[PDB]
Amino acid sequence: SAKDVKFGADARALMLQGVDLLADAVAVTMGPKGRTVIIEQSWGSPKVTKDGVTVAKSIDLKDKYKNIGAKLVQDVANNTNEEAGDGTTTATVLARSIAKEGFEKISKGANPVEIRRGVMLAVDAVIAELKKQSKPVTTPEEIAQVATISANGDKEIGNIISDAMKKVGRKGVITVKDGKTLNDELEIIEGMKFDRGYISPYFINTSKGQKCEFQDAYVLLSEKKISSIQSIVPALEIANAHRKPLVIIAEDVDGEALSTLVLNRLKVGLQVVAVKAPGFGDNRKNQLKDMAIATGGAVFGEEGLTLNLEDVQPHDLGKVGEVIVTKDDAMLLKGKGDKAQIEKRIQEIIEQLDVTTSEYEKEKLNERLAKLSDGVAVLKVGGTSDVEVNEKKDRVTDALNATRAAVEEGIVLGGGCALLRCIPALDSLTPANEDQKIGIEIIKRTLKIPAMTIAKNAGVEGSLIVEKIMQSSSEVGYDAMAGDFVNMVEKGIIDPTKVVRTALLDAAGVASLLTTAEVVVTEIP
Amino acid sequence: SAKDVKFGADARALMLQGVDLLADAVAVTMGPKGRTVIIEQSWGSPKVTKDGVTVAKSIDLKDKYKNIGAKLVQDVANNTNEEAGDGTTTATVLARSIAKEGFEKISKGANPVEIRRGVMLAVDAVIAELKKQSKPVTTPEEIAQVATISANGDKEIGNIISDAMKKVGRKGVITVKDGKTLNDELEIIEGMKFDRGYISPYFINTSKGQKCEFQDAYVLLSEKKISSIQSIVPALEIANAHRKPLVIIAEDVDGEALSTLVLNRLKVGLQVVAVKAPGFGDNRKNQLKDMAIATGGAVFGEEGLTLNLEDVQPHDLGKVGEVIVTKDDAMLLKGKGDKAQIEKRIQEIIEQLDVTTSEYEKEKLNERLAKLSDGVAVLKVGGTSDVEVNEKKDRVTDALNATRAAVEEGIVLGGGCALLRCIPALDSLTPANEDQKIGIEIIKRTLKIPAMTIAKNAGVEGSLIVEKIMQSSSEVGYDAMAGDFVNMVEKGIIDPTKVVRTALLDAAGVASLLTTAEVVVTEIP
Amino acid sequence: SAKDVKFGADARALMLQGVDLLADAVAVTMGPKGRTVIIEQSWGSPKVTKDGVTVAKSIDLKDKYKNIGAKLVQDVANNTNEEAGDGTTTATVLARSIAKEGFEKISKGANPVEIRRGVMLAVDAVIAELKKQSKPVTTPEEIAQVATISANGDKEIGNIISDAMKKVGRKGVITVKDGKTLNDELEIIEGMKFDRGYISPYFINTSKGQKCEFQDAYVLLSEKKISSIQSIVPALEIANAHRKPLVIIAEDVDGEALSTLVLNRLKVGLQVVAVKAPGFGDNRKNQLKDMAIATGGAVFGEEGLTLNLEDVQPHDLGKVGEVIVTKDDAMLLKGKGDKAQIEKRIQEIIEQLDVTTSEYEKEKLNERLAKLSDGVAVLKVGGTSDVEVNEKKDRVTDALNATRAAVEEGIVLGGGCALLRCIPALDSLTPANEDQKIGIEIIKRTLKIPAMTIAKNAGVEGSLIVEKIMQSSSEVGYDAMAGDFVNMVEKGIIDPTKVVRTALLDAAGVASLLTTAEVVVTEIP
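Residues numbered from 1 in each chain as written, not as in the entry; some residues may be left out. Chains lettered and ligands numbered in written order. Part of a larger assembly, values for the part shown. Heavy atoms only, no water. Residues with missing side-chain atoms left out of burial classes, pairs and counts.

As annotated in the PDB entry, chain A carries the name 60 kDa heat shock protein, mitochondrial and is attributed to Homo sapiens. Turning to chain A, the UniProt annotation filed under Catalytic activity states: "ATP + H2O + a folded polypeptide = ADP + phosphate + an unfolded polypeptide." According to its UniProt record, chain A has this under Sequence similarities: "Belongs to the chaperonin (HSP60) family." (UniProt positions renumbered as here; feature names shortened; annotations may be inferred.)

Right under this line is the structure:
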């Protein structure tokens, strides 16, 4: 359709005036002293919350330029940074800052490209420094300590998380479930988790959970692509006759099959779901064989074995106690099949690993082995009442995610103090041109923004607090919870370094894109 | 959709405007001398009413900010507090005063978080004083006195209320019925009760009553969750063959089953409802077995006994005399089955209680025991005219609720004098900062507002009246009816303590939330 | 519908203003240091891109005159020049420059016809000069060098490209397929590609592929025109019995059959395609029978053999491994039939070439022979994951296209300097009149624009760079990537002369059209 286009600083000004509103809407909800936002519900009661992700994904500006700028920030910050709420807020605020100061410096009349080059050099140095000073954790004692810290000082939750980590391992997979009792219980059953999520966004079995959950389902495994391919009705025959739901795994589904399945879900709501193949090439075939054995079924590729989706049988397919699917992830638990066949497959994997030597091949064989040999820890979190156990499950999931990230990469000072400790690193940097120096100093200026915003949310004057922290030792920050400077790590105020690194990288990239954008095209209303 | 946003005081001002109109609208219907409101009906003659809850629930402003403020206040005010009409009104007025003066002080440059801290401290002191000062009720004579007081001087109402309460127990179940005669009389029968409301908000049998009722129904009990599960037809075939209605009790119902039931209710209006199980886990199954024995039915869980919803029989289900379903509550009376099995369940519960030692297990067994051993008292209130008996129904229900609240927590001086007796206790508190002192002073100022409003309703100058009351003893207050200073306790001008506590807490919470909110998001019209 | 008309300058100015928007919106992305552009997506996040083709295809002005100028410029530049990204942008910018200069010179009274004459003479001089100076490449070592250069220095890409080139030749056919492995692999297969595209624009099999994809198909070949003709459903009988898809080659398809098939494709999506015949007359028949032998089918011409579309047999037609159809091109590979048939057809083709003497007939026989005797190269690009192989495939396709374009017409200096080397050649030309002289001057002025724009995108002052370039030697240019003055050819910064020639021709023609247009008609809003 007809388009309205804006070029250069004129468009960048609109970009900035659009992003700043989002930045302010997300800043006040950061830190333990975060303020609150009230969200309009045109149909129900207003929603009050203190979640950065919610407010960030909520707002949507009226003007086209402002709207597209806000969406640019939103999509990257959310999709790329979603594990920790503080991470997305930090990325958003840092991006807003950097874009603004870069915009003013460009307006002064400098060269944007070298400004961005200096920005990238500064962020590289900051990341190197943060990696240097990020002390790791590899002990069960440290694991329990960090888990308890993520639980806001709660003990038993961190204890059970440490127990699970001990029983399974870091690469191990852990889940939660309603314990229907008075104490959270730890259990390990056979589980098969892989990194392919749902294929149909509209396919959400549980609206409240942003999740797809099924139990006691048969499975379909076929190497050949099943996109736009009919003759799945034979499967539907047993799916309707047998109350057991179904799960589909194929190379991909698109066109007629995807449309009919999703429309049936929307209207009829038949209990069948589909996902992508986990592996790649011969690795794909090996993994497919592995979990086909794990489920008692068979891969339904026509090459080699003679079997097709045109005909289905109750005993030809696999059986699984339950399969759960989500974004980018999906796992099945308590499969079926011959246990001797399982042992034979395990021996085959072992001998293949022993004979094989290549780093890639050995690593893939180890991953395949662990995918079946090791179990999945399910946290049967239990309590008195359904609402209470719901809240408890939310808390324990948050703690598990936080501790998993921390062990994955490490820990640095929380409370927005991690960045302030990297300030010395930039001094080692030197500029080839003045624009690079300006980029470096702009990064230096933005480094202190998270701490200042945390202070503002706490209500204390930001400048004094940040000056004190910078002048103070490299071991004590500022505690907004108690409004004083304390020994953070021992007091249990930290944040997984992975979150900080991701937030800084995303903010740098987004702000660089905004400050280097030259042409904007938008449709006339 | 496009969103409009406002920040800080700029948005809180519109919030204050929105709450102001609601507060002023509901203030005039406070106390015995409150005036009336003219609510408009687009179809028929306007109704004139003097009930705070009704007027509050009615209004809705135009501007998004004003409307959202009013709706926010009313939401908590009504939902949390819905027992005594004056409670919601006083909560709203208190919230208005707190928020107004807090915003006024914040505009000068106060610290919102410290102001909230001081406000919370003052509210804690006030509630502690109220708890220590409230006299309890633990005797049939005092129960009769307070009931007659709630009965507005009516004697027989208090007499029957006290008789029922002492006959069944201070914490037993109680209800009302139609006397179809000239004099109310009492009857106790086998009864069933549990704190669960109807799953379907729209599912109301009687529009007038706001309740759902059914007579001589059969029941369905399935520990299995029956959410999104078809094959409820086997219930429907005997529901239509036999004239008796049906009911389901299971873990939860949602999706296709809920949709078919709701569309049937809208179109067919079939006589079947479903609700949630009140118990939890082992408690859930034990309670389900108990009620199955009480009704002569059986739990339809698959484990153990082999029986599903696919096949049903008239004698496989339970039989009950009558069912009432309401908000947060549902009940069954005059169940069927083997009385020998009933005594067997009583004996097994008794021995389980004797062997058990855990406090929680003992309490749960006590609750389950009383859930069967003690019957349900019905107050069949009679008279001459249908209008007469309906007025008696409303009056007796109001008195019953008031006396239940009083016996649940106790009694304190009415006419709003209760809070005024808490004013001196504020001297005990000390402010860490000036902001906390300010907040305490704010609570002190607002503590007199209910008396202000009651006096204004009586038309007398409120400030002079409260000055006299505070300068006077801690036993004599002001009566609006007689328009003079009197001794309330023996003059029957009181109010249950629990209502005052709940209203004060909710008003404090909502006012703090309003005065602390920073950013507001609302969709553009 | 009513129409509005404008004359002379009062319309040329409107069209020039319109084209200015597109020219500026596409100038920035030119060059390796091209900036980005924000494209609005009405449903998803705004698209960020740095590709001239996309932005040029995207924008659409509002005013009819400006809109039509932009539309004609984009249409000619894109459709006439679409092989390389930079060619279209160069065409657009050069056209805008010359159009503006010519409009300015006409404004003072210059004769547009003679201005155009001089412009075309200058274009002829420059094209002759660059063709003279175009250094060629025909050696496998040079092929690998240029392929790596196009591959951004990637070595294995150039290696595999050179291997395929050697094994299949300059005029042979090469495509790239998914490797499903960890290393790109090469093989030669029997193929049959001709220069006819899909008849149906709405017949894009793969939405993302911008192409038609089909596999393991049969073919219908009919000499007769099958436009508007029914009775193809007999083929659909086996096309539905066998899930095998079908392809058709006839003289043309239009009217009844075309509408029916496009409807069935839009709604039913049946797996059948048709395309036009590649040859002409006796050549058409010869190619059709050659490919019928290649596939084992038969041409359905009614004369001679008695076979019709009315009657079909699964074995009557030919079988082919894969069906790929795209714009202006379609290839069929892995045909079936009798290899003795292939051998005897090749033998008789060889004998016909031996006996024939006409050069046109000789070359037609040569291409017909090569159609079958030699195979087609398919590159099995591989990798770890689907996204990785997708990116690798895109890069390999781009590199293959660039190297083919270079090898077919040699190479010239990259970075836009190639034109700058041709400035002296304009000294030879002598214009008959002063208007032709002004045209020569205009072309001299515009010849410097592309390098100027690349420099501006790099941020360096373009005028200084171009003045140095023209004052420097004939072997050294400026690299924006390194921001220095380097010898381009061995620095791996070059561009095929075909792109330069096509862009220059199209730009000159479009600008001549714009400078000569006298009357513009537009529909009333």
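Caption draft 1: Spatial organisation of the sheet that holds strand 8 (residues 246–250) of chain C. All names here are of chain C. One open sheet holds the six strands; their spatial order is 6-11-10-7-8-9, and the pairing between them is mixed. Of all the strands in the sheet, the pair left with one neighbour each is strand 6 (191–194) and strand 9 (272–276). Each adjacent strand pair in this sheet contributes to an overall mean axis angle of 35°, direction not counted. Of the strand pairs in this sheet, strand 10 (residues 318–326) and strand 11 (residues 329–335) are connected by six bridges, and their pairing is antiparallel. For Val-323, the partnering residue across the bridge sits in strand 11 and is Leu-332. (Pairing = 2+ DSSP bridges. Helix = DSSP H or I, 4+ residues; strand = E, 2+ residues; numbered from the N terminus. Axes fitted to C-alpha atoms, helices over the stretch in contact; angles between N-to-C directions.)

Caption draft 2: Fine view of the sheet that holds strand 10 (residues 329–335) of chain A. Residues and elements named next belong to chain A. Ordered in space as 4-11-5-10-9-6-7-8, the eight strands form an open sheet in which the pairing is mixed. One side of each edge strand has no neighbouring strand; the edge strands of this open sheet are strand 4 (173–178) and strand 8 (272–276). Pairwise comparison of adjacent strand axes, ignoring direction, gives a mean angle of 40° for this sheet. Each of strand 4, strand 5 (185–194) and strand 11 (375–381) touches helix 7 (residues 156–167); the most contacted strand, strand 5, lies at about 50° to it. Lying over the sheet, helix 12 (residues 359–373) contacts strand 5 and strand 11, oriented at roughly 140° with respect to strand 5. (Contact = heavy atoms within 4.5 Å.)

Caption draft 3: Fine view of the side chain of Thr502(A). Residue and element names in this part refer to chain A. Tracing the backbone through its elements, the reader meets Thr-502 in helix 20 (residues 497–516). Residue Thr-502 is classed as buried on the basis of its relative accessible area, which comes to 12%. Excluding residues within four positions of it along the chain, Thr-502 makes contact with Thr-80 and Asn-81. (Buried < 20%, exposed > 50% of the residue type's maximum accessible area, 1.4 Å probe, protein only.)

Caption draft 4: Region of the structure containing the pattern of salt bridges. Residue and element names in this part refer to chain A. According to the stated counting rule, one finds 54 salt bridges over all chains in the structure shown. Ionic pairing is found between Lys-393 and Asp-178, a salt bridge with its closest N-O pair at 2.5 Å. Note that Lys-393 is positioned in helix 13 (residues 386–409) and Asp-178 in strand 4, a separation of 215 residues in sequence. A relative accessible area of 44% places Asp-178 in the partly exposed class. Across the pair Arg-345 and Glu-348 runs a salt bridge whose closest N-O atoms are separated by 3.5 Å. Here the residue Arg-345 and the residue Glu-348 both occupy positions in helix 11 (residues 339–355), the gap between them amounting to three residues, near one helical turn. On the basis of relative accessible area, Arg-345 is assigned to the buried category, the value being 2%. Accessibility expressed as a relative area gives 27% for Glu-348, which makes it partly exposed. Connected via shared salt-bridge partners are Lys-289, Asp-290, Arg-345 and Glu-348. (Salt bridge = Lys/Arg side-chain N within 4 Å of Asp/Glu carboxyl O.)

Caption draft 5: Focus on the interface of chain A and chain C. In this assembly, 23 residues from chain A lie in contact with 28 residues from chain C. Put simply, the parts of the chain that give the side of chain A that touches chain C at least two residues each are strand 1 (3–7), helix 3 (64–80), helix 20 and strand 14 (517–523) of chain A. Per-element tally for the side of chain A that touches chain C: the top contributor is strand 14 of chain A, with seven residues. Relative to strand 2 (residues 36–39) of chain C, strand 14 of chain A runs parallel, the two being bridged by four bridges. By the bridge assignment for strand 2 of chain C, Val520(A) is matched with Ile38(C).

Caption draft 6: Main features of the packing of aromatic side chains. Within this structure, the stated rule accounts for five aromatic pairs over all chains. Relative to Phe485(C), the ring of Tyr478(C) lies with its centre 5.9 Å away and its plane at 65°, an arrangement referred to as edge-to-face. Given the relative accessible area of 11%, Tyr478(C) is considered buried. Here the basic side chain of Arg265(B) rests over the ring of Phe203(B), its NZ or CZ set 5.3 Å away from the ring centre. The residue whose ring lies beneath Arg284(B) is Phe280(B), and the NZ or CZ to ring-centre distance is 5.1 Å. (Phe/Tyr/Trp six-rings, centres within 6.5 Å; stacked < 30°, edge-to-face > 60°. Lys NZ or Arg CZ within 6 Å of the ring centre and 35° of its normal.)

Caption draft 7: Structural context of the state of the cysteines. Residue and element names in this part refer to chain A. This structure, assessed with the given rule, holds zero disulfides over all chains. In this structure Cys-417 is not part of a disulfide, and its nearest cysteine sulfur, from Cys-422, lies 12 Å away. By relative accessible area, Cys-417 is classed as buried at 2%. (Disulfide = S-S within 2.5 Å.)

Caption draft 8: The arrangement of the interface of chain B and chain A in detail. Contacts between the two partners involve 27 residues from chain B, matched on the other side by 29 residues from chain A. Residues that form the side of chain B that touches chain A fall into these classes: twelve nonpolar, five polar and ten charged. Relative to strand 18 (residues 519–523) of chain B, strand 2 (residues 37–39) of chain A runs parallel, the two sharing three bridges. The residue bridging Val37(A) from the neighbouring strand is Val519(B), located in strand 18 of chain B. (Nonpolar A, V, L, I, M, F, W, Y, C, P; charged D, E, K, R; others polar.)

Caption draft 9: Layout of a nonpolar patch on the surface. All names here are of chain C. On the surface, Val-5, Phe-7, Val-519 and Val-521 cluster together to form a nonpolar patch covering roughly 360 Å² of accessible area. When contributions to the nonpolar patch are tallied by element, the ones reaching two or more residues are strand 1 (3–7) and strand 17 (519–523). Mapped onto the elements, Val-519 comes out in strand 17. Residue classification places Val-519 among the partly exposed positions, given a relative accessible area of 48%. (Patch = residues over 30% accessible without salt bridge, like charges linked within 9 Å, V, L, I, M, F, W, Y side chains within 5 Å. Areas by Shrake-Rupley, 256 points an atom, 1.4 Å probe, with all protein chains shown as cover.)

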